[PDB]
file data30.cif (mmCIF, C-alpha atoms)
data_coords
#
loop_
_atom_site.group_PDB
_atom_site.id
_atom_site.type_symbol
_atom_site.label_atom_id
_atom_site.label_comp_id
_atom_site.auth_asym_id
_atom_site.auth_seq_id
_atom_site.Cartn_x
_atom_site.Cartn_y
_atom_site.Cartn_z
ATOM 1 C CA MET A 1 0.819 -23.126 9.840
ATOM 2 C CA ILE A 2 3.009 -20.021 10.027
ATOM 3 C CA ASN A 3 3.356 -18.910 13.703
ATOM 4 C CA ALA A 4 1.200 -15.786 14.076
ATOM 5 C CA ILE A 5 -0.686 -13.685 16.569
ATOM 6 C CA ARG A 6 -3.858 -11.612 16.378
ATOM 7 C CA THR A 7 -4.436 -8.101 17.644
ATOM 8 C CA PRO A 8 -7.221 -7.966 20.245
ATOM 9 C CA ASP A 9 -10.340 -6.365 18.768
ATOM 10 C CA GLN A 10 -10.585 -3.871 21.685
ATOM 11 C CA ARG A 11 -7.508 -2.096 20.239
ATOM 12 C CA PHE A 12 -9.796 -0.804 17.457
ATOM 13 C CA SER A 13 -12.585 0.372 19.706
ATOM 14 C CA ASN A 14 -11.959 4.127 19.475
ATOM 15 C CA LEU A 15 -10.666 4.688 15.928
ATOM 16 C CA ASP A 16 -11.056 8.175 14.467
ATOM 17 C CA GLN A 17 -13.145 8.283 11.259
ATOM 18 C CA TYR A 18 -13.008 4.574 10.419
ATOM 19 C CA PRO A 19 -16.688 3.537 10.309
ATOM 20 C CA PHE A 20 -15.993 0.718 7.845
ATOM 21 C CA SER A 21 -17.228 -2.763 8.787
ATOM 22 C CA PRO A 22 -14.701 -5.619 8.982
ATOM 23 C CA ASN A 23 -14.618 -8.510 6.506
ATOM 24 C CA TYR A 24 -12.322 -11.519 6.932
ATOM 25 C CA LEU A 25 -10.829 -14.235 4.736
ATOM 26 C CA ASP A 26 -9.268 -17.138 6.546
ATOM 27 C CA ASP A 27 -7.324 -19.966 5.014
ATOM 28 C CA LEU A 28 -6.678 -18.335 1.643
ATOM 29 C CA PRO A 29 -4.751 -20.846 -0.456
ATOM 30 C CA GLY A 30 -1.134 -20.799 0.742
ATOM 31 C CA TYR A 31 -2.056 -19.034 4.022
ATOM 32 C CA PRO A 32 -3.579 -21.737 6.208
ATOM 33 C CA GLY A 33 -4.567 -20.650 9.698
ATOM 34 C CA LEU A 34 -4.144 -16.946 8.855
ATOM 35 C CA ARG A 35 -7.049 -14.497 8.881
ATOM 36 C CA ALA A 36 -6.836 -11.448 6.634
ATOM 37 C CA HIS A 37 -8.985 -8.346 7.145
ATOM 38 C CA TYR A 38 -10.337 -6.216 4.284
ATOM 39 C CA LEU A 39 -12.858 -3.411 3.789
ATOM 40 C CA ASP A 40 -15.551 -3.980 1.180
ATOM 41 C CA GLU A 41 -17.421 -0.730 0.737
ATOM 42 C CA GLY A 42 -19.962 0.597 -1.727
ATOM 43 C CA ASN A 43 -22.200 -1.355 -4.086
ATOM 44 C CA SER A 44 -21.130 -5.014 -3.962
ATOM 45 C CA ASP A 45 -22.425 -5.466 -7.558
ATOM 46 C CA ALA A 46 -20.634 -2.375 -8.922
ATOM 47 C CA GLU A 47 -19.004 -2.694 -12.300
ATOM 48 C CA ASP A 48 -15.833 -0.936 -11.033
ATOM 49 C CA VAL A 49 -13.746 -2.000 -8.017
ATOM 50 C CA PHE A 50 -11.115 0.263 -6.432
ATOM 51 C CA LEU A 51 -8.455 -2.022 -4.910
ATOM 52 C CA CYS A 52 -6.596 0.163 -2.384
ATOM 53 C CA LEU A 53 -3.272 -1.208 -1.191
ATOM 54 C CA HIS A 54 -1.404 0.292 1.786
ATOM 55 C CA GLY A 55 2.292 0.315 2.566
ATOM 56 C CA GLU A 56 4.711 0.596 5.474
ATOM 57 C CA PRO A 57 3.866 0.861 8.442
ATOM 58 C CA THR A 58 0.192 1.503 7.846
ATOM 59 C CA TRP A 59 -3.065 -0.297 7.072
ATOM 60 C CA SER A 60 -6.420 0.254 5.370
ATOM 61 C CA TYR A 61 -6.968 3.146 7.857
ATOM 62 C CA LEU A 62 -4.688 5.126 5.512
ATOM 63 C CA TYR A 63 -7.425 5.039 2.821
ATOM 64 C CA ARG A 64 -10.189 6.314 5.124
ATOM 65 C CA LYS A 65 -10.476 9.694 3.320
ATOM 66 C CA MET A 66 -10.538 8.123 -0.156
ATOM 67 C CA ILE A 67 -12.923 5.222 0.371
ATOM 68 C CA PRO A 68 -16.079 7.316 0.807
ATOM 69 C CA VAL A 69 -15.279 9.331 -2.348
ATOM 70 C CA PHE A 70 -14.892 6.164 -4.442
ATOM 71 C CA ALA A 71 -17.983 4.528 -2.904
ATOM 72 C CA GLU A 72 -20.143 7.602 -3.580
ATOM 73 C CA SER A 73 -19.161 7.467 -7.251
ATOM 74 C CA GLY A 74 -21.065 4.133 -7.282
ATOM 75 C CA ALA A 75 -17.979 1.883 -7.256
ATOM 76 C CA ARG A 76 -17.003 -0.954 -4.938
ATOM 77 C CA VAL A 77 -13.879 -0.461 -2.805
ATOM 78 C CA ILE A 78 -11.703 -3.268 -1.439
ATOM 79 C CA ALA A 79 -8.969 -2.256 1.007
ATOM 80 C CA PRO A 80 -7.047 -5.208 2.486
ATOM 81 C CA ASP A 81 -4.604 -5.149 5.385
ATOM 82 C CA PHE A 82 -1.397 -7.087 4.616
ATOM 83 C CA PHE A 83 -0.533 -9.898 7.021
ATOM 84 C CA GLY A 84 1.481 -8.163 9.739
ATOM 85 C CA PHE A 85 -0.733 -5.072 9.612
ATOM 86 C CA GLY A 86 -4.087 -3.570 10.548
ATOM 87 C CA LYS A 87 -6.661 -6.167 11.600
ATOM 88 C CA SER A 88 -4.948 -8.997 9.713
ATOM 89 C CA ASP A 89 -3.101 -11.754 11.552
ATOM 90 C CA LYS A 90 0.572 -11.123 12.186
ATOM 91 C CA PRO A 91 3.302 -13.713 11.672
ATOM 92 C CA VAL A 92 5.806 -13.358 14.525
ATOM 93 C CA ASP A 93 9.023 -14.192 12.662
ATOM 94 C CA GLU A 94 10.538 -11.649 10.239
ATOM 95 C CA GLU A 95 11.809 -14.539 8.084
ATOM 96 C CA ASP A 96 8.214 -15.460 7.124
ATOM 97 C CA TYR A 97 7.708 -12.108 5.420
ATOM 98 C CA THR A 98 9.025 -11.994 1.856
ATOM 99 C CA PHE A 99 8.187 -10.110 -1.320
ATOM 100 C CA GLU A 100 6.331 -13.149 -2.730
ATOM 101 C CA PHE A 101 4.611 -13.896 0.617
ATOM 102 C CA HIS A 102 2.903 -10.550 0.274
ATOM 103 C CA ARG A 103 2.497 -10.662 -3.513
ATOM 104 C CA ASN A 104 0.923 -14.130 -3.505
ATOM 105 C CA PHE A 105 -1.504 -12.977 -0.792
ATOM 106 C CA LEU A 106 -2.800 -10.235 -3.082
ATOM 107 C CA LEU A 107 -3.173 -12.643 -6.029
ATOM 108 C CA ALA A 108 -5.040 -15.100 -3.743
ATOM 109 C CA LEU A 109 -7.342 -12.350 -2.499
ATOM 110 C CA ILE A 110 -8.112 -11.181 -6.027
ATOM 111 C CA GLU A 111 -8.965 -14.723 -7.108
ATOM 112 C CA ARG A 112 -10.995 -15.481 -3.957
ATOM 113 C CA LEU A 113 -13.131 -12.327 -4.315
ATOM 114 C CA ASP A 114 -13.113 -12.722 -8.124
ATOM 115 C CA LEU A 115 -12.318 -9.040 -8.543
ATOM 116 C CA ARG A 116 -12.584 -7.659 -12.088
ATOM 117 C CA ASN A 117 -12.719 -4.172 -13.645
ATOM 118 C CA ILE A 118 -10.100 -3.218 -11.049
ATOM 119 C CA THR A 119 -8.803 0.299 -10.537
ATOM 120 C CA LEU A 120 -5.537 -0.371 -8.744
ATOM 121 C CA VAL A 121 -4.766 2.302 -6.104
ATOM 122 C CA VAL A 122 -1.221 2.184 -4.746
ATOM 123 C CA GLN A 123 1.454 3.935 -2.649
ATOM 124 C CA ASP A 124 4.751 2.722 -1.105
ATOM 125 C CA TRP A 125 4.756 -1.100 -0.604
ATOM 126 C CA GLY A 126 1.186 -1.136 -1.890
ATOM 127 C CA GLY A 127 2.813 -0.061 -5.163
ATOM 128 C CA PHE A 128 6.034 -2.092 -4.975
ATOM 129 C CA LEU A 129 3.758 -5.140 -4.726
ATOM 130 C CA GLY A 130 0.584 -3.904 -6.453
ATOM 131 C CA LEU A 131 2.328 -2.741 -9.603
ATOM 132 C CA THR A 132 3.463 -6.345 -10.150
ATOM 133 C CA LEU A 133 -0.082 -7.773 -10.126
ATOM 134 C CA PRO A 134 -1.653 -6.904 -13.506
ATOM 135 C CA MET A 135 0.880 -8.846 -15.589
ATOM 136 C CA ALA A 136 -0.241 -11.991 -13.719
ATOM 137 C CA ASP A 137 -3.878 -11.546 -14.833
ATOM 138 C CA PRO A 138 -4.189 -8.484 -17.094
ATOM 139 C CA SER A 139 -7.862 -8.806 -18.084
ATOM 140 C CA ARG A 140 -8.900 -8.082 -14.450
ATOM 141 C CA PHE A 141 -7.358 -4.592 -14.427
ATOM 142 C CA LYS A 142 -8.858 -1.483 -15.986
ATOM 143 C CA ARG A 143 -7.190 1.558 -14.362
ATOM 144 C CA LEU A 144 -4.312 2.729 -12.120
ATOM 145 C CA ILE A 145 -4.103 5.445 -9.502
ATOM 146 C CA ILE A 146 -0.448 5.710 -8.531
ATOM 147 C CA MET A 147 0.835 7.749 -5.577
ATOM 148 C CA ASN A 148 4.461 7.834 -4.323
ATOM 149 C CA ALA A 149 5.682 4.380 -5.356
ATOM 150 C CA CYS A 150 7.988 2.602 -7.792
ATOM 151 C CA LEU A 151 9.305 -0.895 -8.603
ATOM 152 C CA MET A 152 11.936 -2.790 -6.624
ATOM 153 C CA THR A 153 14.200 -3.576 -9.612
ATOM 154 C CA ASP A 154 18.013 -3.677 -9.412
ATOM 155 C CA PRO A 155 20.121 -0.440 -9.419
ATOM 156 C CA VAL A 156 21.429 -0.932 -12.924
ATOM 157 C CA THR A 157 18.084 -1.304 -14.643
ATOM 158 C CA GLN A 158 16.576 1.722 -12.812
ATOM 159 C CA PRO A 159 18.977 3.743 -10.654
ATOM 160 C CA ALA A 160 16.153 6.100 -9.575
ATOM 161 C CA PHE A 161 14.494 3.172 -7.769
ATOM 162 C CA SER A 162 17.639 2.489 -5.678
ATOM 163 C CA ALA A 163 19.369 5.843 -5.176
ATOM 164 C CA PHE A 164 16.811 6.999 -2.607
ATOM 165 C CA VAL A 165 17.901 4.180 -0.266
ATOM 166 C CA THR A 166 21.181 5.934 0.588
ATOM 167 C CA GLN A 167 20.484 9.641 0.028
ATOM 168 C CA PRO A 168 19.367 11.948 1.453
ATOM 169 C CA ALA A 169 20.383 10.901 4.992
ATOM 170 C CA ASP A 170 17.051 12.242 6.278
ATOM 171 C CA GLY A 171 15.025 10.262 3.707
ATOM 172 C CA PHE A 172 14.775 6.465 3.526
ATOM 173 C CA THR A 173 17.929 6.172 5.665
ATOM 174 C CA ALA A 174 16.183 7.935 8.581
ATOM 175 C CA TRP A 175 12.838 6.176 7.910
ATOM 176 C CA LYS A 176 14.458 2.733 8.090
ATOM 177 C CA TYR A 177 16.527 3.692 11.160
ATOM 178 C CA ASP A 178 13.309 4.816 12.916
ATOM 179 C CA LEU A 179 11.538 1.512 12.131
ATOM 180 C CA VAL A 180 14.193 -1.198 12.601
ATOM 181 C CA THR A 181 16.259 0.132 15.509
ATOM 182 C CA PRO A 182 13.987 0.921 18.510
ATOM 183 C CA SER A 183 13.217 -1.998 20.799
ATOM 184 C CA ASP A 184 10.031 -0.113 21.748
ATOM 185 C CA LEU A 185 8.714 1.120 18.405
ATOM 186 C CA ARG A 186 5.885 3.649 18.830
ATOM 187 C CA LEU A 187 4.106 3.971 15.479
ATOM 188 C CA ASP A 188 1.967 6.884 16.640
ATOM 189 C CA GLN A 189 5.153 8.908 17.182
ATOM 190 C CA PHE A 190 6.616 7.595 13.909
ATOM 191 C CA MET A 191 3.554 8.628 11.949
ATOM 192 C CA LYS A 192 3.413 12.092 13.529
ATOM 193 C CA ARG A 193 7.007 12.585 12.393
ATOM 194 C CA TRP A 194 6.497 11.358 8.815
ATOM 195 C CA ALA A 195 2.972 12.811 8.422
ATOM 196 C CA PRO A 196 3.163 15.988 10.575
ATOM 197 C CA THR A 197 -0.418 17.074 9.757
ATOM 198 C CA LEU A 198 -1.975 14.063 11.525
ATOM 199 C CA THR A 199 -4.059 14.726 14.627
ATOM 200 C CA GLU A 200 -3.182 12.831 17.817
ATOM 201 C CA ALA A 201 -6.226 10.550 17.349
ATOM 202 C CA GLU A 202 -5.179 9.762 13.761
ATOM 203 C CA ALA A 203 -1.639 8.947 14.887
ATOM 204 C CA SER A 204 -3.035 6.634 17.588
ATOM 205 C CA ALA A 205 -4.919 4.688 14.888
ATOM 206 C CA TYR A 206 -1.568 3.702 13.398
ATOM 207 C CA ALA A 207 -0.357 2.362 16.779
ATOM 208 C CA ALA A 208 -3.635 0.511 17.339
ATOM 209 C CA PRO A 209 -2.661 -2.703 15.523
ATOM 210 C CA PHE A 210 0.493 -3.168 17.648
ATOM 211 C CA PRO A 211 0.086 -3.796 21.397
ATOM 212 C CA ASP A 212 3.835 -4.553 21.657
ATOM 213 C CA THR A 213 6.961 -5.429 19.651
ATOM 214 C CA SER A 214 5.888 -9.076 19.201
ATOM 215 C CA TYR A 215 3.211 -7.833 16.761
ATOM 216 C CA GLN A 216 5.661 -5.789 14.639
ATOM 217 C CA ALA A 217 7.720 -8.404 12.727
ATOM 218 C CA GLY A 218 6.072 -7.382 9.421
ATOM 219 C CA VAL A 219 6.716 -3.719 10.214
ATOM 220 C CA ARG A 220 10.412 -4.395 10.825
ATOM 221 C CA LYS A 221 10.869 -6.498 7.683
ATOM 222 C CA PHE A 222 9.384 -4.106 5.056
ATOM 223 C CA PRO A 223 12.231 -1.550 5.080
ATOM 224 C CA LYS A 224 14.822 -4.320 5.145
ATOM 225 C CA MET A 225 13.301 -5.648 1.898
ATOM 226 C CA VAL A 226 13.692 -2.192 0.302
ATOM 227 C CA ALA A 227 17.412 -2.173 1.092
ATOM 228 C CA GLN A 228 17.969 -5.893 0.360
ATOM 229 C CA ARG A 229 15.954 -7.160 -2.602
ATOM 230 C CA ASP A 230 15.888 -10.901 -3.268
ATOM 231 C CA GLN A 231 16.230 -12.309 -6.750
ATOM 232 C CA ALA A 232 12.513 -13.098 -7.034
ATOM 233 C CA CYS A 233 11.652 -9.491 -6.175
ATOM 234 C CA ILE A 234 14.176 -8.183 -8.702
ATOM 235 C CA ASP A 235 12.958 -10.451 -11.511
ATOM 236 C CA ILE A 236 9.262 -9.862 -10.888
ATOM 237 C CA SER A 237 9.781 -6.092 -10.558
ATOM 238 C CA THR A 238 11.820 -5.943 -13.776
ATOM 239 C CA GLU A 239 9.155 -7.923 -15.656
ATOM 240 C CA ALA A 240 6.597 -5.432 -14.276
ATOM 241 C CA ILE A 241 8.456 -2.535 -15.910
ATOM 242 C CA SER A 242 7.999 -4.163 -19.317
ATOM 243 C CA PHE A 243 4.317 -4.638 -18.584
ATOM 244 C CA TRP A 244 3.633 -0.973 -17.785
ATOM 245 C CA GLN A 245 5.840 0.193 -20.663
ATOM 246 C CA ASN A 246 4.764 -2.219 -23.395
ATOM 247 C CA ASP A 247 1.461 -3.905 -22.481
ATOM 248 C CA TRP A 248 -0.633 -1.556 -20.363
ATOM 249 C CA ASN A 249 -3.354 0.395 -22.219
ATOM 250 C CA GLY A 250 -5.619 1.360 -19.292
ATOM 251 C CA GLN A 251 -6.544 4.716 -17.770
ATOM 252 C CA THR A 252 -3.953 6.132 -15.399
ATOM 253 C CA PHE A 253 -3.815 8.916 -12.815
ATOM 254 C CA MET A 254 -0.690 9.958 -10.869
ATOM 255 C CA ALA A 255 -0.409 12.141 -7.767
ATOM 256 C CA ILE A 256 2.870 13.094 -6.057
ATOM 257 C CA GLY A 257 3.327 14.109 -2.446
ATOM 258 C CA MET A 258 5.940 16.793 -3.085
ATOM 259 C CA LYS A 259 7.409 16.896 0.460
ATOM 260 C CA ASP A 260 8.252 13.164 0.403
ATOM 261 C CA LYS A 261 11.985 12.609 0.974
ATOM 262 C CA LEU A 262 11.673 8.931 -0.101
ATOM 263 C CA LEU A 263 9.567 8.561 -3.261
ATOM 264 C CA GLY A 264 9.015 12.088 -4.498
ATOM 265 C CA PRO A 265 9.603 13.638 -7.915
ATOM 266 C CA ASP A 266 13.024 12.023 -8.426
ATOM 267 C CA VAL A 267 11.316 8.632 -8.298
ATOM 268 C CA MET A 268 7.847 9.487 -9.625
ATOM 269 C CA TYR A 269 8.863 11.211 -12.887
ATOM 270 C CA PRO A 270 10.955 8.209 -13.939
ATOM 271 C CA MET A 271 7.922 6.090 -12.982
ATOM 272 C CA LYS A 272 5.631 8.308 -15.057
ATOM 273 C CA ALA A 273 7.736 7.673 -18.190
ATOM 274 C CA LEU A 274 7.549 3.894 -17.725
ATOM 275 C CA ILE A 275 3.751 3.750 -17.476
ATOM 276 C CA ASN A 276 2.256 3.876 -20.975
ATOM 277 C CA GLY A 277 -0.258 6.726 -21.226
ATOM 278 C CA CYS A 278 0.417 8.086 -17.740
ATOM 279 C CA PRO A 279 -0.594 11.779 -17.731
ATOM 280 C CA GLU A 280 1.142 14.736 -16.106
ATOM 281 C CA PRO A 281 1.127 14.167 -12.303
ATOM 282 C CA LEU A 282 -1.105 16.025 -9.864
ATOM 283 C CA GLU A 283 1.468 17.656 -7.605
ATOM 284 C CA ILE A 284 0.277 18.004 -4.012
ATOM 285 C CA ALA A 285 2.563 20.616 -2.490
ATOM 286 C CA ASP A 286 1.692 19.937 1.152
ATOM 287 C CA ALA A 287 1.640 16.132 1.001
ATOM 288 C CA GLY A 288 4.567 13.977 2.095
ATOM 289 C CA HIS A 289 5.063 10.238 1.702
ATOM 290 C CA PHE A 290 1.569 9.488 2.987
ATOM 291 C CA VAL A 291 -0.276 11.063 0.096
ATOM 292 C CA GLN A 292 -3.592 9.479 1.146
ATOM 293 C CA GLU A 293 -3.724 11.863 4.128
ATOM 294 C CA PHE A 294 -4.442 14.483 1.417
ATOM 295 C CA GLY A 295 -6.475 11.797 -0.339
ATOM 296 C CA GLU A 296 -9.850 13.427 -0.832
ATOM 297 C CA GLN A 297 -8.293 15.594 -3.581
ATOM 298 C CA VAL A 298 -6.585 12.596 -5.154
ATOM 299 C CA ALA A 299 -9.763 10.545 -5.238
ATOM 300 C CA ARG A 300 -11.910 13.389 -6.560
ATOM 301 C CA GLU A 301 -9.444 14.394 -9.287
ATOM 302 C CA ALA A 302 -8.818 10.768 -10.335
ATOM 303 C CA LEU A 303 -12.561 10.196 -10.730
ATOM 304 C CA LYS A 304 -12.851 13.319 -12.899
ATOM 305 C CA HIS A 305 -9.877 12.247 -14.995
ATOM 306 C CA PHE A 306 -11.475 8.818 -15.454
ATOM 307 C CA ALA A 307 -14.959 10.181 -16.270
ATOM 308 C CA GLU A 308 -13.268 12.286 -18.966
ATOM 309 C CA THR A 309 -12.230 9.209 -20.965
ATOM 310 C CA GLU A 310 -14.558 6.366 -19.979
#
call {"tool": "encode", "arguments": {"input": "data30.cif", "output": "structure tokens"}}
result
Amino acid sequence: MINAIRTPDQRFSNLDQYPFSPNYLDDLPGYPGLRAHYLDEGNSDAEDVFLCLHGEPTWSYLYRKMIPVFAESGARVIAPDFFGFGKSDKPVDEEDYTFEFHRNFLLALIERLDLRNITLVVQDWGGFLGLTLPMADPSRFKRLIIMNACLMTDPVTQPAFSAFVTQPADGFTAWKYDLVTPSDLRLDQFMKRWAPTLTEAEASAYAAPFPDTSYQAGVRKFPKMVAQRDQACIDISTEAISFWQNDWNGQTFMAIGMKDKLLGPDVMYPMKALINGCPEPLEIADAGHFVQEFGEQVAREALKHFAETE
């Protein structure tokens, strides 16, 4: 077993606008002794499944405005919390978190739930990882909703997907500094800074998973993996580019949080060009990195775009 701890359930007692019932998978292949939490909303026998993947330092709570919109369209919605996050178990050592640790978890979850007709919904690490899934099992994937995200390839193959790491100083550089440096990391305060439109109660929901620093190893490791990409990550991410460019023929919808200093237009337009058939992006002027906080619009517009060419 990996050494891991579990957030007490009382931490989730008073969440704001998260009425979604918990589902758990324990002992997924390759993850013995670890319990993963996921939401499973809407018609369980739906033809379509929206697989909503979160990023750093969030959890399925981030999708709370989108889930009801997708479910009311008649689709199923699966929103897992990565190990280290949300209501999932949390390995205590940063060394146990790797790109493939997280990627293989998603593949295991997809196989375990036998998800098909997937609309992949991604942002940040949900995208860095999620965008590498379809090439592993392409017949399971039907559509893509992409918000502020890209692929963790090397600087030479796609400079746009590395330049943001070092400029602007107040972008990823500040984000990483905020996450990896404090001994007492307060994610409510972090999230209010990086999503300034959050209410206090919403911000508290992002601190909920983390009673203390011992629960935050996954949180600390994510930004380090953006700055230092292992060979497996580079290879897998580069292969993914070829998939979206050359193999993908599904329906696609893009939305950009225009105030994002990390993964805004300078990353998302290059990403648009690499995704075969990706339409003009929906630009959300007021949205920052956490586009899902303006997510009702994204979900509604994506559904209309998809209805238009079913």
call {"tool": "atom_distance", "arguments": {"input": "data30.cif", "atom1": "atom CA of residue A:306", "atom2": "atom CA of residue A:125"}}
result
24.1 Å
call {"tool": "residues_around", "arguments": {"input": "data30.cif", "residues": "residue A:87", "least_positions_apart": "5", "cutoff": "7 Å", "atoms": "all atoms listed in the file", "output": "PyMOL selection string"}}
result
chain A and resi 7+37+81+209
call {"tool": "write_last_selection", "arguments": {"input": "data30.cif", "atoms": "C-alpha atoms", "output": "mmCIF file, keeping the file's coordinate frame"}}
result
data_model
loop_
_atom_site.group_PDB
_atom_site.id
_atom_site.type_symbol
_atom_site.label_atom_id
_atom_site.label_comp_id
_atom_site.auth_asym_id
_atom_site.auth_seq_id
_atom_site.Cartn_x
_atom_site.Cartn_y
_atom_site.Cartn_z
ATOM 1 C CA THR A 7 -4.436 -8.101 17.644
ATOM 2 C CA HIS A 37 -8.985 -8.346 7.145
ATOM 3 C CA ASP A 81 -4.604 -5.149 5.385
ATOM 4 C CA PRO A 209 -2.661 -2.703 15.523
#
call {"tool": "atom_distance", "arguments": {"input": "data30.cif", "atom1": "atom CA of residue A:300", "atom2": "atom CA of residue A:63"}}
result
13.3 Å
call {"tool": "residues_around", "arguments": {"input": "data30.cif", "residues": "residue A:266", "least_positions_apart": "6", "cutoff": "12 Å", "atoms": "only C-alpha atoms", "output": "ChimeraX atom specification"}}
result
/A:148-150,158-164,167-168,256-260,272-273
call {"tool": "resolve_selection", "arguments": {"input": "data30.cif", "expression": "the PyMOL selection byres ((chain A and resi 180) around 9)", "output": "PDB file with C-alpha atoms, in the coordinates of the input"}}
result
ATOM      1  CA  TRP A 175      12.838   6.176   7.910  1.00  0.00           C
ATOM      2  CA  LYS A 176      14.458   2.733   8.090  1.00  0.00           C
ATOM      3  CA  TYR A 177      16.527   3.692  11.160  1.00  0.00           C
ATOM      4  CA  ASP A 178      13.309   4.816  12.916  1.00  0.00           C
ATOM      5  CA  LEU A 179      11.538   1.512  12.131  1.00  0.00           C
ATOM      6  CA  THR A 181      16.259   0.132  15.509  1.00  0.00           C
ATOM      7  CA  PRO A 182      13.987   0.921  18.510  1.00  0.00           C
ATOM      8  CA  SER A 183      13.217  -1.998  20.799  1.00  0.00           C
ATOM      9  CA  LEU A 185       8.714   1.120  18.405  1.00  0.00           C
ATOM     10  CA  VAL A 219       6.716  -3.719  10.214  1.00  0.00           C
ATOM     11  CA  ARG A 220      10.412  -4.395  10.825  1.00  0.00           C
ATOM     12  CA  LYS A 221      10.869  -6.498   7.683  1.00  0.00           C
ATOM     13  CA  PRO A 223      12.231  -1.550   5.080  1.00  0.00           C
ATOM     14  CA  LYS A 224      14.822  -4.320   5.145  1.00  0.00           C
TER      15      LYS A 224
END
call {"tool": "resolve_selection", "arguments": {"input": "data30.cif", "expression": "the PyMOL selection byres ((chain A and resi 214) around 12)", "output": "list in words"}}
result
residues 3, 4, 5, 6, 7, 84, 90, 91, 92, 93, 94, 183, 184, 185, 209, 210, 211, 212, 213, 215, 216, 217, 218, 219 and 220 of chain A
call {"tool": "residues_around", "arguments": {"input": "data30.cif", "residues": "residue A:245", "least_positions_apart": "6", "cutoff": "7 Å", "atoms": "only C-alpha atoms", "output": "MDAnalysis selection string"}}
result
chainID A and resid 274:276
call {"tool": "write_last_selection", "arguments": {"input": "data30.cif", "atoms": "C-alpha atoms", "output": "compact mmCIF listing (two decimals), keeping the file's coordinate frame"}}
result
# COMPACT_ATOMS: atom_id res chain seq x y z
CA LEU A 274 7.55 3.89 -17.73
CA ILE A 275 3.75 3.75 -17.48
CA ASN A 276 2.26 3.88 -20.98
call {"tool": "resolve_selection", "arguments": {"input": "data30.cif", "expression": "the PyMOL selection byres ((chain A and resi 44) around 12)", "output": "list in words"}}
result
residues 39, 40, 41, 42, 43, 45, 46, 47, 48, 49, 50, 71, 74, 75, 76, 77, 78, 113, 114 and 115 of chain A
call {"tool": "closest_atom_pairs", "arguments": {"input": "data30.cif", "of": "stretch 60-154 of chain A", "to": "stretch 195-204 of chain A", "cutoff": "12 Å", "atoms": "only C-alpha atoms", "output": "CSV"}}
result
residue,atom,partner,partner_atom,distance
A:61,CA,A:202,CA,9.0
A:62,CA,A:202,CA,9.5
A:64,CA,A:202,CA,10.6
A:65,CA,A:202,CA,11.7
call {"tool": "closest_residue", "arguments": {"input": "data30.cif", "among": "A:67, A:56, A:73, A:109", "to": "residue A:24", "atoms": "all atoms listed in the file"}}
result
A:109
call {"tool": "residues_near_point", "arguments": {"input": "data30.cif", "point": "(-3.2, -8.3, -9.0)", "cutoff": "8 Å", "atoms": "all atoms listed in the file", "output": "count of residues only"}}
result
13
call {"tool": "closest_residue", "arguments": {"input": "data30.cif", "among": "A:249, A:309, A:21, A:58", "to": "residue A:289", "atoms": "all atoms listed in the file"}}
result
A:58
call {"tool": "atom_distance", "arguments": {"input": "data30.cif", "atom1": "atom CA of residue A:54", "atom2": "atom CA of residue A:122"}}
result
6.8 Å
call {"tool": "closest_residue", "arguments": {"input": "data30.cif", "among": "A:263, A:108, A:233, A:144", "to": "residue A:171", "atoms": "only C-alpha atoms"}}
result
A:263
call {"tool": "closest_residue", "arguments": {"input": "data30.cif", "among": "A:265, A:72, A:277, A:57", "to": "residue A:189", "atoms": "only C-alpha atoms"}}
result
A:57
call {"tool": "build_atoms", "arguments": {"input": "data30.cif", "residues": "stretch 117-123 of chain A", "atoms": "N, CA, C and O atoms", "output": "mmCIF file, keeping the file's coordinate frame"}}
result
data_model
loop_
_atom_site.group_PDB
_atom_site.id
_atom_site.type_symbol
_atom_site.label_atom_id
_atom_site.label_comp_id
_atom_site.auth_asym_id
_atom_site.auth_seq_id
_atom_site.Cartn_x
_atom_site.Cartn_y
_atom_site.Cartn_z
ATOM 1 N N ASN A 117 -12.592 -5.617 -13.409
ATOM 2 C CA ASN A 117 -12.719 -4.172 -13.645
ATOM 3 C C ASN A 117 -12.033 -3.383 -12.529
ATOM 4 O O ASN A 117 -12.590 -2.411 -12.005
ATOM 5 N N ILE A 118 -10.827 -3.820 -12.171
ATOM 6 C CA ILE A 118 -10.100 -3.218 -11.049
ATOM 7 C C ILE A 118 -9.417 -1.906 -11.420
ATOM 8 O O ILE A 118 -8.700 -1.815 -12.424
ATOM 9 N N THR A 119 -9.640 -0.893 -10.582
ATOM 10 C CA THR A 119 -8.803 0.299 -10.537
ATOM 11 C C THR A 119 -7.849 0.076 -9.372
ATOM 12 O O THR A 119 -8.272 0.001 -8.222
ATOM 13 N N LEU A 120 -6.576 -0.070 -9.702
ATOM 14 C CA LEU A 120 -5.537 -0.371 -8.744
ATOM 15 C C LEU A 120 -5.093 0.952 -8.142
ATOM 16 O O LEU A 120 -4.696 1.839 -8.872
ATOM 17 N N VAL A 121 -5.156 1.078 -6.818
ATOM 18 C CA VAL A 121 -4.766 2.302 -6.104
ATOM 19 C C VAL A 121 -3.594 1.981 -5.168
ATOM 20 O O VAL A 121 -3.728 1.156 -4.265
ATOM 21 N N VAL A 122 -2.440 2.607 -5.408
ATOM 22 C CA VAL A 122 -1.221 2.184 -4.746
ATOM 23 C C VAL A 122 -0.339 3.353 -4.260
ATOM 24 O O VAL A 122 -0.430 4.481 -4.763
ATOM 25 N N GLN A 123 0.523 3.018 -3.301
ATOM 26 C CA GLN A 123 1.454 3.935 -2.649
ATOM 27 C C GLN A 123 2.460 3.055 -1.880
ATOM 28 O O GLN A 123 2.087 2.006 -1.343
#
